[PDB]
Structures are given as structure tokens and as C-alpha cells.
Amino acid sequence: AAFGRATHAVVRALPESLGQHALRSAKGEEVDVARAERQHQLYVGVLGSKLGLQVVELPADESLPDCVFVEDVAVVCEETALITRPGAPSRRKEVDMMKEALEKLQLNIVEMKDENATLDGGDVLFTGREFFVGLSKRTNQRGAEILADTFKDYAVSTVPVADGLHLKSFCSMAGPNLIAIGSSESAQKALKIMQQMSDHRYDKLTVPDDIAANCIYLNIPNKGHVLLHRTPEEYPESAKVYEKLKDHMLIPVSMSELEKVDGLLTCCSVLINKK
């Protein structure tokens, strides 16, 4: 029942069309689909085998080049699952296969059907005490209002996110009351806003690389604090900061290929606690 406790994870295999057709905020180097497929299999392995979570592996769909990023299509809090309306219209078909799996796990399903509301799960930070929803090109006020209406036990606040980013492109929960946050002025300005509207001031773990602030914190039975972070090969300066967590079981998980299409650690799984 502790924060970050999960029993199940929903993931989705990446399709071959990802390398060429997955949306990306910036032109860059060519995506190695084989290596990305390799890194995704290592990611699922950490959640499923190394950590014992019950993994629902959804099949790829070549017509949905971004279907690997299941986090955008669902926000899960306790037994309630919010099926979002992704801001990219072409991604909204990834919702059908996620809803089918979330109700087989017997969660209370709420679908964001409002044709004026968009929300990417990647814009939602759940601190265990409240929600923060980034207002980006993908997530609008209506979508944030619908999330607030879906989890009325928890406070919801919004924070402006700039450019083609998500909120969790520069932050994530690194532990109980611990927010990993980037060192840029953009990230610190957003954190300054979030700490303002909260009735609680969090501890922060500042990393020199915004993207490396995206980590997966987990509380596993008979293991305790577990954190998946980017490798020292990718972001050595931020990996050094994570090594300070002496009571965390640290796991380096690479994501260098999917990062080319703005894919981070939190985007590739929906974590669920089923008692």
C-alpha cells in the first residue's frame, strides 16, 4: 500500500513502422529499430522478471507507430483507470487495445470522450499525494479538468510546459516525497510553480540532464526502494546523482533509441497496484 507499489505493468511491443513513422519533436539520427526492440525487451524484462510484476504485453500494430508509449493512453490511480484522449489525433486509436486490457484487470474505466479535451499521460505526474498535469501542445485545460473529475480524492494542479515536451520530460517521482527534476531553467521554473500550489513541499533530486530526470520508482515487496534510471553510458553526470540513493536498488535501463522519438522510461509502461 506504500507509494510506488505496483503488481502489474501494461506494455506494448513497438512496431516496425516506428523507426520511420513515429512522431518526433526534432529531426535527428536514424532510429535503429532492432536496437530499440532490444532495449524494449530489456525494459520489459526488468519489470517482469527482475521485479516480479505481472506484465501484460500488448501486441504491436504497424499502423500505430507510437503504440509502444502506453503511458500516454492511460493514467491509473488505485483501482481507477483514466483512458485519455491523446493530443496527437493519429495516436487516439492506441486507446482501444489499452482499454480492453485495463478492464480485464478489472479497473474502473473512465474514457476521456470530450472532443475538446486532450491529455497525454506523459504530462501527468502523480506524487502519491496529488497530481500535477502539464499544459503542453498535447494536454489542454479540459483534459486536466477531466482528470481532476476522475480522481476527486486527489488534488490536481497544472503547470505550463513549453515547446514539444511533456511534463515528465524533465521530472518524475524518484521515491516517497522525492521528485527527480532537471537542472535547466525550464525544469526549475516548472518545479517552482508546482511547489507553490502544493500543501506539501517535496524533497528534490536535481540531475544535470533533464531527460535523465525521467525514472521509474517502484516499491517491491521484500526489496523496498527500486529505481530504474538511464545508464552511465547515456547520462553519466545524472547517473552519478542517482548513485547517491544508498537505500535504493538502482537499475540502469537504456533507452537511447526510443529517446530519438521522445520516448522515456516512464512512457513505456502503465503501472498498476492490484491488491
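Position 1 is the first residue in the sequence shown; the rest follow in order.
J.: I need to verify one thing: averaged over C-alpha atoms only, is the B-factor higher for 100-108 or for 124-132?
T.: Looking at the recorded C-alpha B-factors, 100-108 comes out higher on average.
J.: If you take the mean CA temperature factor per stretch, which one wins between 176-184 and 199-207?
T.: Comparing 199-207 with 176-184, the higher mean C-alpha B-factor belongs to 199-207.
J.: Taking the Cα B-factors listed in the entry, which of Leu82, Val95, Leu119, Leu167 comes out highest?
T.: If I rank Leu82, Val95, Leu119, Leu167 by C-alpha B-factor, first place goes to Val95.
J.: Check where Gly52 lands among this chain's C-alpha B-factors and tell me if it's the lowest, middle or highest third.
T.: Bottom third by C-alpha B-factor.
J.: Compare the C-alpha B factor of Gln20 with those of the other modelled residues in its chain, then answer lowest, middle or highest third.
T.: Tercile = middle for this residue's CA B-factor.
J.: Based on the deposited C-alpha B factors for this chain, I'd like to know if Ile193 is in the lowest, middle or highest third.
T.: Top third by C-alpha B-factor.
J.: Going by the CA temperature factor in the PDB record, which third of the chain does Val73 belong to: lowest, middle or highest?
T.: Bottom third by C-alpha B-factor.
J.: Determine, from the deposited record, the chain-internal third of the Cα B-factor for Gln41: lowest, middle or highest.
T.: For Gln41, whose C-alpha B-factor we compare with every modelled residue in the chain, the answer is the lowest third.
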